[PDB]
>>> print(open('final11.tsv').read())   # TSV, C-alpha atoms and all ligand atoms
chain	number	residue	atom	x	y	z
A	3	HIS	CA	95.76	103.13	128.17
A	4	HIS	CA	95.10	101.73	124.63
A	5	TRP	CA	97.90	100.31	122.46
A	6	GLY	CA	99.95	102.62	120.26
A	7	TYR	CA	103.51	103.51	119.27
A	8	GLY	CA	104.55	105.62	122.27
A	9	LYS	CA	107.04	104.98	125.09
A	10	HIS	CA	104.37	103.65	127.46
A	11	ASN	CA	102.04	101.80	125.05
A	12	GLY	CA	104.40	100.85	122.18
A	13	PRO	CA	105.20	97.43	120.64
A	14	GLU	CA	107.30	96.17	123.64
A	15	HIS	CA	104.05	96.53	125.71
A	16	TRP	CA	101.49	94.88	123.34
A	17	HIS	CA	102.02	91.36	124.76
A	18	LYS	CA	100.27	92.36	128.01
A	19	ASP	CA	96.89	92.80	126.23
A	20	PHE	CA	97.64	90.52	123.22
A	21	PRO	CA	99.71	87.49	124.32
A	22	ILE	CA	99.98	86.13	120.72
A	23	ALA	CA	102.51	88.98	120.30
A	24	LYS	CA	105.03	86.39	121.57
A	25	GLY	CA	103.65	83.75	119.15
A	26	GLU	CA	105.40	81.43	116.67
A	27	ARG	CA	104.47	83.23	113.41
A	28	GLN	CA	104.63	86.96	114.21
A	29	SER	CA	105.39	89.70	111.63
A	30	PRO	CA	107.32	91.66	110.55
A	31	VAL	CA	110.66	89.79	110.04
A	32	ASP	CA	114.11	90.58	108.62
A	33	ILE	CA	114.44	89.07	105.13
A	34	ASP	CA	117.89	87.45	104.95
A	35	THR	CA	118.37	87.30	101.13
A	36	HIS	CA	121.12	84.66	101.33
A	37	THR	CA	119.05	82.11	103.35
A	38	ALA	CA	115.74	82.65	101.52
A	39	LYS	CA	115.09	79.58	99.37
A	40	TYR	CA	114.26	79.89	95.67
A	41	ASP	CA	111.13	77.77	95.14
A	42	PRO	CA	110.51	76.88	91.43
A	43	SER	CA	106.93	75.66	92.17
A	44	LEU	CA	105.93	79.25	93.16
A	45	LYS	CA	103.64	80.62	90.40
A	46	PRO	CA	103.81	84.23	89.28
A	47	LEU	CA	101.48	86.59	91.14
A	48	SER	CA	98.14	87.56	89.47
A	49	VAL	CA	96.92	91.06	90.38
A	50	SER	CA	93.53	92.04	88.86
A	51	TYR	CA	92.82	95.64	90.00
A	52	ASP	CA	91.22	97.06	86.80
A	53	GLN	CA	87.69	97.04	88.34
A	54	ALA	CA	88.78	98.29	91.79
A	55	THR	CA	86.25	100.60	93.51
A	56	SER	CA	87.75	102.81	96.26
A	57	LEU	CA	85.16	104.33	98.65
A	58	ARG	CA	86.81	106.24	101.51
A	59	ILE	CA	90.04	107.27	103.26
A	60	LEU	CA	90.02	107.16	107.09
A	61	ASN	CA	92.42	108.20	109.87
A	62	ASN	CA	91.94	105.35	112.38
A	63	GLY	CA	94.44	106.66	114.94
A	64	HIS	CA	97.47	104.40	114.10
A	65	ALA	CA	97.48	104.90	110.18
A	66	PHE	CA	95.21	106.01	107.31
A	67	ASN	CA	93.31	103.35	105.35
A	68	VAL	CA	91.99	103.61	101.80
A	69	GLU	CA	88.93	101.30	101.77
A	70	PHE	CA	87.50	99.42	98.79
A	71	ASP	CA	84.15	97.78	97.98
A	72	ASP	CA	84.81	94.08	98.74
A	73	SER	CA	81.22	92.88	98.18
A	74	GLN	CA	82.20	91.45	94.76
A	75	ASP	CA	85.33	90.08	93.00
A	76	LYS	CA	86.37	93.54	91.69
A	77	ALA	CA	90.01	93.80	92.84
A	78	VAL	CA	91.60	90.42	93.51
A	79	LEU	CA	94.92	88.73	94.06
A	80	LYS	CA	95.48	85.10	92.96
A	81	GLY	CA	98.46	82.93	92.11
A	82	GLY	CA	101.83	83.09	93.81
A	83	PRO	CA	101.66	80.80	96.87
A	84	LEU	CA	97.88	81.33	97.27
A	85	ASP	CA	95.06	78.79	96.75
A	86	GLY	CA	91.85	80.59	95.86
A	87	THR	CA	90.81	84.18	95.41
A	88	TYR	CA	91.67	87.03	97.78
A	89	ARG	CA	89.68	90.33	97.62
A	90	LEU	CA	91.32	93.73	98.32
A	91	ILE	CA	89.57	95.43	101.30
A	92	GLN	CA	92.03	98.21	102.22
A	93	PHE	CA	95.58	99.54	101.91
A	94	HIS	CA	97.62	101.58	104.41
A	95	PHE	CA	101.23	102.62	105.06
A	96	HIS	CA	103.78	102.54	107.92
A	97	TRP	CA	106.38	105.32	108.00
A	98	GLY	CA	109.10	106.89	110.09
A	99	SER	CA	110.04	110.27	111.57
A	100	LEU	CA	113.18	110.16	109.35
A	101	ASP	CA	113.92	108.78	105.86
A	102	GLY	CA	116.24	106.10	107.40
A	103	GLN	CA	113.39	104.20	109.02
A	104	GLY	CA	109.71	103.43	108.59
A	105	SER	CA	109.39	99.99	106.97
A	106	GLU	CA	108.23	97.03	109.10
A	107	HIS	CA	110.04	94.32	107.10
A	108	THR	CA	113.78	94.75	106.51
A	109	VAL	CA	116.02	93.29	103.76
A	110	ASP	CA	119.43	92.15	105.08
A	111	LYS	CA	118.71	94.52	108.05
A	112	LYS	CA	118.12	97.46	105.66
A	113	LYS	CA	115.16	99.70	106.57
A	114	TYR	CA	113.14	101.65	103.98
A	115	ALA	CA	111.36	105.01	104.46
A	116	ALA	CA	107.88	103.41	104.45
A	117	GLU	CA	105.99	100.23	103.70
A	118	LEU	CA	102.66	99.89	101.86
A	119	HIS	CA	100.30	97.05	102.87
A	120	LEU	CA	97.54	95.94	100.42
A	121	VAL	CA	95.27	93.75	102.53
A	122	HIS	CA	93.21	90.96	100.90
A	123	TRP	CA	90.90	88.28	102.38
A	124	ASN	CA	90.17	84.73	101.20
A	125	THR	CA	86.72	84.61	99.61
A	127	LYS	CA	85.99	81.24	100.79
A	128	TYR	CA	85.50	82.56	104.36
A	129	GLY	CA	82.76	84.97	103.18
A	130	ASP	CA	83.81	88.09	105.12
A	131	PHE	CA	86.97	89.74	106.49
A	132	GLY	CA	85.89	89.07	110.08
A	133	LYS	CA	85.75	85.29	109.53
A	134	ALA	CA	88.95	85.33	107.40
A	135	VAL	CA	91.13	86.70	110.26
A	136	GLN	CA	90.30	83.63	112.39
A	137	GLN	CA	91.91	81.29	109.80
A	138	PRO	CA	95.59	80.44	109.12
A	139	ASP	CA	95.10	81.13	105.36
A	140	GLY	CA	92.56	83.96	105.79
A	141	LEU	CA	94.56	86.97	104.58
A	142	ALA	CA	97.15	87.80	101.93
A	143	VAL	CA	99.03	91.06	102.41
A	144	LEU	CA	101.14	92.50	99.56
A	145	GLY	CA	104.02	94.54	101.02
A	146	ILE	CA	105.78	97.21	98.94
A	147	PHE	CA	108.79	99.21	100.14
A	148	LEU	CA	109.06	102.97	99.53
A	149	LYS	CA	112.49	104.65	99.08
A	150	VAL	CA	112.92	108.44	98.82
A	151	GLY	CA	113.92	109.62	95.31
A	152	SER	CA	111.73	110.74	92.42
A	153	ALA	CA	108.08	111.29	92.97
A	154	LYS	CA	105.37	108.64	92.41
A	155	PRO	CA	102.64	110.42	90.35
A	156	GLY	CA	100.07	107.70	91.28
A	157	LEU	CA	100.43	108.51	95.05
A	158	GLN	CA	99.73	112.29	94.72
A	159	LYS	CA	95.91	111.87	94.93
A	160	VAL	CA	96.40	110.21	98.35
A	161	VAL	CA	98.86	112.91	99.54
A	162	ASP	CA	96.53	115.78	98.59
A	163	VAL	CA	93.57	114.52	100.67
A	164	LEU	CA	95.61	113.99	103.90
A	165	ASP	CA	94.85	117.53	105.11
A	166	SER	CA	91.15	116.57	105.31
A	167	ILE	CA	91.72	113.56	107.68
A	168	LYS	CA	94.43	114.98	109.96
A	169	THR	CA	92.97	113.63	113.24
A	170	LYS	CA	91.75	110.23	114.46
A	171	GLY	CA	88.20	109.34	113.37
A	172	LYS	CA	88.08	111.71	110.40
A	173	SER	CA	87.04	110.22	107.03
A	174	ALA	CA	86.55	111.53	103.52
A	175	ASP	CA	85.02	110.27	100.29
A	176	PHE	CA	87.81	108.85	98.08
A	177	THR	CA	86.36	107.44	94.85
A	178	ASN	CA	88.00	106.40	91.53
A	179	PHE	CA	91.47	105.83	93.06
A	180	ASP	CA	93.39	103.23	90.99
A	181	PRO	CA	95.83	101.10	93.09
A	182	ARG	CA	97.74	99.95	89.96
A	183	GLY	CA	99.66	103.30	90.10
A	184	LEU	CA	101.37	102.09	93.32
A	185	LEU	CA	102.86	98.85	91.91
A	186	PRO	CA	106.54	98.45	90.92
A	187	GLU	CA	107.55	97.20	87.45
A	188	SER	CA	108.54	93.72	88.68
A	189	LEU	CA	106.30	91.38	90.70
A	190	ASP	CA	109.19	89.17	91.95
A	191	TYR	CA	108.61	88.49	95.65
A	192	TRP	CA	109.48	86.76	98.92
A	193	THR	CA	106.76	84.89	100.85
A	194	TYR	CA	106.36	83.57	104.40
A	195	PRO	CA	103.54	82.76	106.86
A	196	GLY	CA	103.03	85.53	109.44
A	197	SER	CA	100.60	87.80	111.23
A	198	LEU	CA	98.94	91.21	111.33
A	199	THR	CA	101.58	93.71	112.52
A	200	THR	CA	99.08	95.60	114.66
A	201	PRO	CA	96.74	94.26	117.42
A	202	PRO	CA	95.01	91.84	117.44
A	203	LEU	CA	98.27	90.39	115.88
A	204	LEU	CA	96.36	87.36	114.51
A	205	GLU	CA	98.43	84.66	112.77
A	206	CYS	CA	96.26	84.57	109.62
A	207	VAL	CA	98.51	86.18	106.95
A	208	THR	CA	100.40	84.86	103.93
A	209	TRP	CA	102.92	87.66	103.38
A	210	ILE	CA	103.98	88.54	99.85
A	211	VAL	CA	106.78	91.13	99.95
A	212	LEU	CA	107.91	92.57	96.61
A	213	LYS	CA	111.66	92.80	95.95
A	214	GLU	CA	111.46	96.04	93.93
A	215	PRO	CA	110.65	99.19	95.95
A	216	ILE	CA	108.79	102.19	94.54
A	217	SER	CA	110.28	105.64	94.81
A	218	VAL	CA	108.45	108.56	96.34
A	219	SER	CA	109.65	112.10	96.74
A	220	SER	CA	110.80	113.70	99.98
A	221	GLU	CA	107.85	116.05	99.82
A	222	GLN	CA	105.33	113.21	99.39
A	223	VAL	CA	106.57	111.38	102.52
A	224	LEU	CA	106.74	114.63	104.45
A	225	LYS	CA	102.94	115.04	104.08
A	226	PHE	CA	102.40	111.64	105.81
A	227	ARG	CA	104.30	113.04	108.83
A	228	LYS	CA	101.79	115.92	109.29
A	229	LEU	CA	99.03	113.48	110.30
A	230	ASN	CA	98.04	113.11	113.97
A	231	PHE	CA	97.53	110.05	116.21
A	232	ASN	CA	95.24	112.16	118.43
A	233	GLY	CA	91.60	113.21	117.94
A	234	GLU	CA	90.54	116.82	117.13
A	235	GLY	CA	90.70	119.01	120.24
A	236	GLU	CA	93.23	116.73	121.96
A	237	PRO	CA	96.95	117.57	122.37
A	238	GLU	CA	98.84	117.14	119.05
A	239	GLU	CA	100.91	113.97	118.59
A	240	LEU	CA	102.47	113.57	115.10
A	241	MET	CA	101.66	110.25	113.39
A	242	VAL	CA	105.26	109.05	112.85
A	243	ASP	CA	107.15	105.79	113.51
A	244	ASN	CA	103.95	103.68	113.34
A	245	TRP	CA	106.05	100.55	112.57
A	246	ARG	CA	106.56	97.35	114.58
A	247	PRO	CA	110.13	96.04	114.89
A	248	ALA	CA	111.28	92.74	113.32
A	249	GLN	CA	110.21	89.63	115.25
A	250	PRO	CA	112.02	86.25	115.54
A	251	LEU	CA	111.66	84.03	112.46
A	252	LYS	CA	111.52	80.88	114.67
A	253	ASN	CA	110.52	77.73	112.74
A	254	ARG	CA	109.76	79.45	109.39
A	255	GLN	CA	111.41	79.54	105.96
A	256	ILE	CA	111.25	82.55	103.61
A	257	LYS	CA	110.78	81.48	99.98
A	258	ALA	CA	111.75	83.54	96.93
A	259	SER	CA	110.01	83.47	93.51
A	260	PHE	CA	113.32	84.48	91.86
A	261	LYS	CA	117.08	83.79	91.84
B	301	ZN	ZN	100.30	97.30	107.88
>>> encode(input="final11.tsv", output="structure tokens")
Amino acid sequence: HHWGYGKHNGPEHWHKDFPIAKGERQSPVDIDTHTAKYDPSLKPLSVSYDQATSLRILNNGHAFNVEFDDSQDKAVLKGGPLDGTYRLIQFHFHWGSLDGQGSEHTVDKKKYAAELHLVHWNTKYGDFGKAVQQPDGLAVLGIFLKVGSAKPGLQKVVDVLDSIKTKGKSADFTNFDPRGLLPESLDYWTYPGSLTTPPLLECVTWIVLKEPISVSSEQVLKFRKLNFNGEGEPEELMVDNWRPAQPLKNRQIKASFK
């Protein structure tokens, strides 16, 4: 009876195995645009992904992750509200069974079709495993996807999904450039939060971009053909792998723009 997104093991159940689920800095949250505070001291974000080295794509049973070589400062995030250098280790998505839902964060209660998470860890802690035990260990860049025109830069990911349909499958995925997934503007909202899947650790500085990317109907459709189950087990479509918005509690969302 492992955690998941079903009726008997879904998000409303995670607190029984992971108490922090009811913590003070849980993610995701609804981003009220009118109460977010513009903070002029926020620096622009610095994304340096030109030397990124993708290695593999893996179906881990709750999403698919594109993994990168994080043994050197090849793909890093600096600036914004961050102190120090954060290395990209993996990116993944959350999506819905319908185009009207799928994002984890919401903007004025609006839900997007999907949400991309670029996960980075603070080099000062030496490895991802140590970074998750710290309050400033991770920086996650969140990008919303809306259905419209196609995103050419995402097609390489969509085409390989047939080869990792079931949990535990992996495939070589080299020379993928994550710059093709960024929007034109890097304006963002930021708040202190957590991982949105177990262990739900409160170690994330969230950076959510204001500008969504558009993807085609057909591209998002291919995400919905993945399976939560392993090969040879009954088929359960990998859809609605998103956690609902959690209480903001004692936190303030800051905006880099007005
Ligand atoms: Zn995520």
>>> residues_around(input="final11.tsv", residues="range 97-104 of chain A", least_positions_apart="3", cutoff="8 Å", atoms="all atoms listed in the file", output="mmCIF file with C-alpha atoms, in the coordinates of the input")
data_model
loop_
_atom_site.group_PDB
_atom_site.id
_atom_site.type_symbol
_atom_site.label_atom_id
_atom_site.label_comp_id
_atom_site.auth_asym_id
_atom_site.auth_seq_id
_atom_site.Cartn_x
_atom_site.Cartn_y
_atom_site.Cartn_z
ATOM 1 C CA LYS A 113 115.160 99.700 106.570
ATOM 2 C CA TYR A 114 113.140 101.650 103.980
ATOM 3 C CA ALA A 115 111.360 105.010 104.460
ATOM 4 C CA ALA A 116 107.880 103.410 104.450
ATOM 5 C CA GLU A 117 105.990 100.230 103.700
ATOM 6 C CA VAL A 150 112.920 108.440 98.820
ATOM 7 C CA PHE A 226 102.400 111.640 105.810
ATOM 8 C CA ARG A 227 104.300 113.040 108.830
ATOM 9 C CA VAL A 242 105.260 109.050 112.850
ATOM 10 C CA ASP A 243 107.150 105.790 113.510
ATOM 11 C CA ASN A 244 103.950 103.680 113.340
ATOM 12 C CA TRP A 245 106.050 100.550 112.570
#
>>> closest_residue(input="final11.tsv", among="A:76, A:64, A:170, A:107", to="residue 94 in chain A", atoms="only C-alpha atoms")
A:64
>>> residues_around(input="final11.tsv", residues="residue 28 in chain A", least_positions_apart="3", cutoff="8 Å", atoms="all atoms listed in the file", output="list in words")
residues 23, 24, 25, 31, 196, 197, 198, 199, 203, 205, 249, 250 and 251 of chain A
>>> residues_around(input="final11.tsv", residues="residue 219 in chain A", least_positions_apart="5", cutoff="9 Å", atoms="only C-alpha atoms", output="list in words")
residues 149, 150, 151, 152, 153, 154 and 224 of chain A
>>> residues_around(input="final11.tsv", residues="residue 85 in chain A", least_positions_apart="5", cutoff="9 Å", atoms="all atoms listed in the file", output="MDAnalysis selection string")
chainID A and resid 80 124 139
>>> closest_residue(input="final11.tsv", among="A:145, A:138, A:46, A:156", to="residue 118 in chain A", atoms="all atoms listed in the file")
A:145
>>> closest_residue(input="final11.tsv", among="A:180, A:106, A:75, A:14", to="ligand ZN 301 (chain B)", atoms="all atoms listed in the file")
A:106
>>> atom_distance(input="final11.tsv", atom1="CA of residue 223 in chain A", atom2="CA of residue 123 in chain A")
27.9 Å
>>> closest_residue(input="final11.tsv", among="A:49, A:207, A:258, A:54", to="residue 137 in chain A", atoms="only C-alpha atoms")
A:207
>>> closest_residue(input="final11.tsv", among="A:77, A:142, A:230, A:36", to="ligand ZN 301 (chain B)", atoms="all atoms listed in the file")
A:142
>>> decode(input="final11.tsv", residues="range 229-249 of chain A", atoms="N, CA, C and O atoms", output="short mmCIF file (atom, residue, chain, number, x, y, z; two decimals), in the first residue's frame")
data_model
loop_
_atom_site.label_atom_id
_atom_site.label_comp_id
_atom_site.auth_asym_id
_atom_site.auth_seq_id
_atom_site.Cartn_x
_atom_site.Cartn_y
_atom_site.Cartn_z
N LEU A 229 1.19 7.09 -20.69
CA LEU A 229 2.14 6.41 -19.78
C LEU A 229 1.37 5.62 -18.71
O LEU A 229 0.20 5.84 -18.51
N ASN A 230 2.08 4.75 -18.01
CA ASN A 230 1.41 3.90 -17.00
C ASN A 230 2.06 4.04 -15.62
O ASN A 230 3.24 4.12 -15.52
N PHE A 231 1.24 4.03 -14.58
CA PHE A 231 1.77 4.07 -13.20
C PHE A 231 2.31 2.68 -12.85
O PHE A 231 3.24 2.56 -12.12
N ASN A 232 1.70 1.67 -13.44
CA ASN A 232 2.01 0.26 -13.13
C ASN A 232 3.28 -0.26 -13.82
O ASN A 232 3.73 0.31 -14.79
N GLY A 233 3.80 -1.38 -13.32
CA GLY A 233 4.94 -2.06 -13.95
C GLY A 233 4.48 -2.95 -15.10
O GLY A 233 3.31 -3.22 -15.16
N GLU A 234 5.39 -3.38 -15.96
CA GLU A 234 5.05 -4.27 -17.10
C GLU A 234 4.46 -5.57 -16.58
O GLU A 234 4.93 -6.08 -15.61
N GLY A 235 3.39 -6.06 -17.19
CA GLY A 235 2.81 -7.33 -16.70
C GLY A 235 1.83 -7.12 -15.57
O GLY A 235 1.26 -8.09 -15.09
N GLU A 236 1.68 -5.89 -15.10
CA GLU A 236 0.65 -5.64 -14.06
C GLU A 236 -0.57 -5.01 -14.73
O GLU A 236 -0.46 -4.55 -15.85
N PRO A 237 -1.74 -4.97 -14.09
CA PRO A 237 -2.90 -4.34 -14.70
C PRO A 237 -2.63 -2.86 -15.07
O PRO A 237 -2.04 -2.19 -14.31
N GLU A 238 -3.16 -2.41 -16.19
CA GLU A 238 -2.84 -1.06 -16.72
C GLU A 238 -3.54 0.05 -15.95
O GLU A 238 -4.73 0.01 -15.84
N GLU A 239 -2.76 1.00 -15.43
CA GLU A 239 -3.36 2.20 -14.82
C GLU A 239 -2.68 3.43 -15.45
O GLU A 239 -1.51 3.56 -15.31
N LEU A 240 -3.45 4.19 -16.21
CA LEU A 240 -2.94 5.37 -16.94
C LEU A 240 -2.33 6.39 -15.97
O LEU A 240 -2.93 6.68 -14.95
N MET A 241 -1.15 6.88 -16.33
CA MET A 241 -0.45 7.90 -15.53
C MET A 241 -1.09 9.25 -15.88
O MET A 241 -0.69 9.87 -16.84
N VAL A 242 -2.11 9.60 -15.12
CA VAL A 242 -2.82 10.90 -15.27
C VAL A 242 -3.13 11.45 -13.87
O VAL A 242 -3.22 10.68 -12.95
N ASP A 243 -3.30 12.77 -13.80
CA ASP A 243 -3.67 13.44 -12.55
C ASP A 243 -2.64 13.13 -11.46
O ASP A 243 -3.01 12.86 -10.36
N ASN A 244 -1.36 13.26 -11.80
CA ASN A 244 -0.27 13.03 -10.83
C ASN A 244 0.12 14.37 -10.20
O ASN A 244 1.29 14.65 -10.12
N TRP A 245 -0.88 15.14 -9.78
CA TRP A 245 -0.68 16.47 -9.16
C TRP A 245 -1.23 16.51 -7.74
O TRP A 245 -2.22 15.91 -7.47
N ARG A 246 -0.54 17.25 -6.88
CA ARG A 246 -1.01 17.42 -5.49
C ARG A 246 -1.81 18.72 -5.43
O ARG A 246 -1.45 19.65 -6.04
N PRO A 247 -2.92 18.75 -4.69
CA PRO A 247 -3.71 19.96 -4.58
C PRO A 247 -3.02 21.06 -3.76
O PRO A 247 -2.19 20.78 -3.01
N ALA A 248 -3.49 22.29 -3.94
CA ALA A 248 -2.91 23.46 -3.24
C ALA A 248 -3.04 23.28 -1.73
O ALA A 248 -4.08 22.90 -1.28
N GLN A 249 -1.98 23.63 -1.03
CA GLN A 249 -1.93 23.54 0.44
C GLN A 249 -2.03 24.94 1.06
O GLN A 249 -1.75 25.89 0.40
#
